[PDB]
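**Student:** below you'll find the sequence and an experimental structure to go with it.
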Amino acid sequence: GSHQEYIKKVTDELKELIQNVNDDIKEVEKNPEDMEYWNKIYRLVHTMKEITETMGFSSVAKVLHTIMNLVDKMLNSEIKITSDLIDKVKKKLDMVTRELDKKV
C-alpha cells in the first residue's frame, strides 16, 4: 500500500546515506587526518539518526548514536585517528546496514 511505498522510500533514503558515508570513508582512509571528511560523515550520520528516530528504528538509532560518539571524539581531538579506529567505524556501519536490511 501507500504506507508500504513510504517505508520503501524511507529505507532507500537510509541506504543512499549509508553508501554516501561509505564513499567518504574510502576517501578518509587515504588521509585519516582529513577533518573535512570526518565532518561530512558526522553530519550524514546525524541525518540518518534523525530519520531512524522518526521511524522508531531503535536498534539502528543506537548504533548510529555510537558512531557519532566515536566520530565526535575524532573531530574534537579527544583521540588520535588510527586505522583501527576507522575499522571500528566501518564495523558499526556494516551493523547498521544489516540491521536495516531487516526492515524490508
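**Tutor:** In hand now; what should we look at? Numbers count the residues shown, from 1 in each chain.

**Student:** for this structure, which segments count as helices?
**Tutor:** 2-30, 35-55, 58-75, 83-101 (DSSP state H).

**Student:** the residue lying closest to residue 70 once chain neighbours are set aside and residue 13: what is the separation?
**Tutor:** Distance criterion CB to CB, 6 or more residues apart in numbering; nearest residue to residue 70, sequence neighbours excluded, is residue 89 at 6.1 Å. For the C-beta atoms, the positions are set from N, CA and C on the backbone; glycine is no exception. The gap separating residue 89 from residue 13 is 21 Å, by CB to CB, to the nearest Å.

**Student:** out of those two, which sits in the more crowded spot?
**Tutor:** Neighbours around residue 89 and residue 13, counted as other CB atoms under 10 Å, are more numerous at residue 89. The numbers are 21 against 13.

**Student:** give the contact list for residue 52.
**Tutor:** For residue 52, the contacting residues are 14, 58, 60, 61, 64, by CB atoms under 8 Å, 6 or more residues apart in numbering.

**Student:** mind doing that once more with 10 Å?
**Tutor:** 10, 14, 58-65, 96, 99-100, 103 (CB atoms under 10 Å, 6 or more residues apart in numbering).

**Student:** same list (these) but as JSON lines, adding neighbour count and distance to residue 42.
**Tutor:** Formatted as JSON lines, the contacts of residue 52 follow (neighbours: other CB atoms under 10 Å; distance: CB to CB, whole Å):
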{"residue": "10", "neighbour count": "16", "distance to residue 42": "21"}
{"residue": "14", "neighbour count": "22", "distance to residue 42": "17"}
{"residue": "58", "neighbour count": "9", "distance to residue 42": "21"}
{"residue": "59", "neighbour count": "13", "distance to residue 42": "21"}
{"residue": "60", "neighbour count": "24", "distance to residue 42": "17"}
{"residue": "61", "neighbour count": "20", "distance to residue 42": "16"}
{"residue": "62", "neighbour count": "14", "distance to residue 42": "17"}
{"residue": "63", "neighbour count": "23", "distance to residue 42": "15"}
{"residue": "64", "neighbour count": "26", "distance to residue 42": "11"}
{"residue": "65", "neighbour count": "14", "distance to residue 42": "12"}
{"residue": "96", "neighbour count": "25", "distance to residue 42": "15"}
{"residue": "99", "neighbour count": "17", "distance to residue 42": "20"}
{"residue": "100", "neighbour count": "19", "distance to residue 42": "19"}
{"residue": "103", "neighbour count": "15", "distance to residue 42": "23"}
